[PDB]
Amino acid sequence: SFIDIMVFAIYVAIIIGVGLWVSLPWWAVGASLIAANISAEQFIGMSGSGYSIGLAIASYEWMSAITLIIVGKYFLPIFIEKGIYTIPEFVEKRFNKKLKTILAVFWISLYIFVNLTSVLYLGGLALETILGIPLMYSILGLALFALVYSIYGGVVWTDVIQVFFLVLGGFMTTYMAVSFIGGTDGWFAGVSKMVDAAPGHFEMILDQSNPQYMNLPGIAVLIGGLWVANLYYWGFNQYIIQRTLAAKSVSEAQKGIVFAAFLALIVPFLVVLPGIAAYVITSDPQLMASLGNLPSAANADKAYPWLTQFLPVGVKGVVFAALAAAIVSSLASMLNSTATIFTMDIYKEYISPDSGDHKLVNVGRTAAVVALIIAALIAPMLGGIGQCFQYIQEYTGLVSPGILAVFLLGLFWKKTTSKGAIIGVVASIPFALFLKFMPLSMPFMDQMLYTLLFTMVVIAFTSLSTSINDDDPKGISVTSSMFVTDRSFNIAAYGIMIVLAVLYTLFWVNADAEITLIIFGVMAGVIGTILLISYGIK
C-alpha cells in the first residue's frame, strides 16, 4: 500500500487545498437534494442493511420518491407563500418560542446521541476494517479531526469532488464484488448468481416469519411508519428543500423536487447493493476459501469497508480517502447544526439575550466541542448493534412521530394551538417509550405510526378544548391555487408512481427480470453522476 497512502494524501490534500483556495436549474436542484443521501455513513449503513435484509431496505429511498412529490406539491408552496426560510422559523410563526425551545432540546439530543454517535461509529468501523486501527482509537482519530475543522475549521467544489469519488468508489466496489462472484463467466454471471444465492435479499415486502420483519414490518413500508420516517426527513427538517428552492422559480424547483424523486429510485442500486454482494460472498464457503474483519449479524456495517479492502492499488487509496473525508465533512456539518441550535434557540434566547454574532460563534465552537466529546464517549458502545441504519431509524422515531404531528397539524389544521402542540409533543415521549419498553414485541416502525396517531389525537382534543376562537390567529389559511403543479411535474409524478409499482412487483412477477433491474439501476447511477457533474462544470 505504498501508492495507496501516496494517492490518499493527494486526494486529502486537494480536498483541503480547494477549501483553503475558496439562477438554479431543475437538474442542479435535483442533484443537490439527492446528494445528501450519497454519503459515507449512507454507503456503510445502507450496505449493512443490504447485507442483513437486502433490497427490501430500498423502501426508505423508493418511498422518499413519492414523499418528495407530496412535499414538492403541498408542503413547499405553504413555506414560500407564508415566507419561511428555516423550520424553527415555521415553529415560531405557527406556534411559539416555547415549542421551538422544547423542539431544540429534542434535536440537540438527537444529534448528539443518535446522529453523531452513528457517523463516528460507521466511520470508525471503516478505518478499523481498512487501516487496521482499533475502534476506540479509530473513532477518536475522526473526533480529533472534526475538532480541527471545528475550532479552526470555520465548500461546493469539494462536495462535487466528494460525491463523485463516493459514487465511483461504490460502483468499483460492486463491479469488483460481482465479477468475483461470476468468476470466469464475467460480471453478468455474478449479478444473476447473487440473485440465485440470496433471493430473500431481493424480496421487497417481508413475511412475519422473516427475523428482519421486526425491523421492516412487511406492507407498513407502503402504508405505515415509513411515512413517519420520510415526511419528517423530507417534509420538515429539510431546510435544504426551502433553501435549494428559494434558488429559482417555484415551478422550476418543483421540477427539481420531482427530479430528486426520480434519482431517489437509483440511489439504493449504489448504497445497498454492495451489502448484498458482501452477503453472497461471505455466505459462500468456496468463495471464502478462495480469498484465504468480516460482516456478521452483530457487525453488519463491516460489509462495505470489508469489500473496499479487496480494491486494486490506486483505486483503493482514492475510495478510502473519499470515505474518510466524507465522514469528517459529515461530522463537521452535524457539529455545526447542533451548535447553531444550542446558540440560537437556547443560548441567545435564554442565557445571554444580546451577545452579538462574534460572541455567539465562539459560544458555538464551545458547543460543538462539548457535543463532540459527548458523542465520542458514546460512539464506541454502538459496536455490536448489528445494523446502524436501524439504530438511526428506531431512536429518531422516539421523537420523529411527535414532532411530525405538530408539523402536519400546524401546516394543515387551522385549529391547532401552541398549548395543544406543546401538550402533545411532551405526551408523545412517555407514549413512544411505553411502546418500546412494554413487552409487546411490536416493530419500531409500527410504534412510530402509533406514536404519530396518538400525538395527533392529543393535540387535536387539547386544541379543540382550549382554542377560544375557531381558527388559531397564527393558523395557515392559504389554499387551492397554492398547490398547482405544471403538466411536466404531473407526468413525471405519474411516471415515478408507475415505476415504483413495477419496482415492488418485478421480482414476484419475473425473477429473471431482476438482473436487468440490478444492472440498469447501477448503470443509471454511474452515467447519471458523471453526466450531472459534467454539465455542472459548464
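Numbering starts at 1 and follows the sequence shown.
The gap between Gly154 and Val155 holds 1 to 3 unmodelled residues of the deposited sequence. Where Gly292 is followed by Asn293 in the displayed chain, the model omits 4 to 9 of the deposited residues that sit between the two. Per the PDB record, of the two stretches 316 to 324 and 392 to 400, 316 to 324 carries the greater mean B-factor over its C-alpha atoms. The deposited model assigns a higher average Cα B-factor to 505 to 513 than to the other stretch when 505 to 513 and 41 to 49 are compared. Highest C-alpha temperature factor among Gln254, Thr451, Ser333, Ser192, as the PDB entry reports it: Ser192. Of the candidates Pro77, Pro285, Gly235, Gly225, the one whose C-alpha carries the top B factor in the deposited record is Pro285. In the PDB entry, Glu92 places in the middle third of its chain by CA B-factor. Among the modelled residues of its chain, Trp306 has a C-alpha B-factor that falls in the middle third according to the deposited record. In this PDB entry, the Cα temperature factor of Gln447 sits in the bottom third of its chain's modelled residues, the lowest group. In this PDB entry, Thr158 carries a Cα temperature factor that places it within the highest third of its chain's modelled residues. Among the modelled residues of the chain, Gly356 sits in the highest third by CA temperature factor in this PDB entry.
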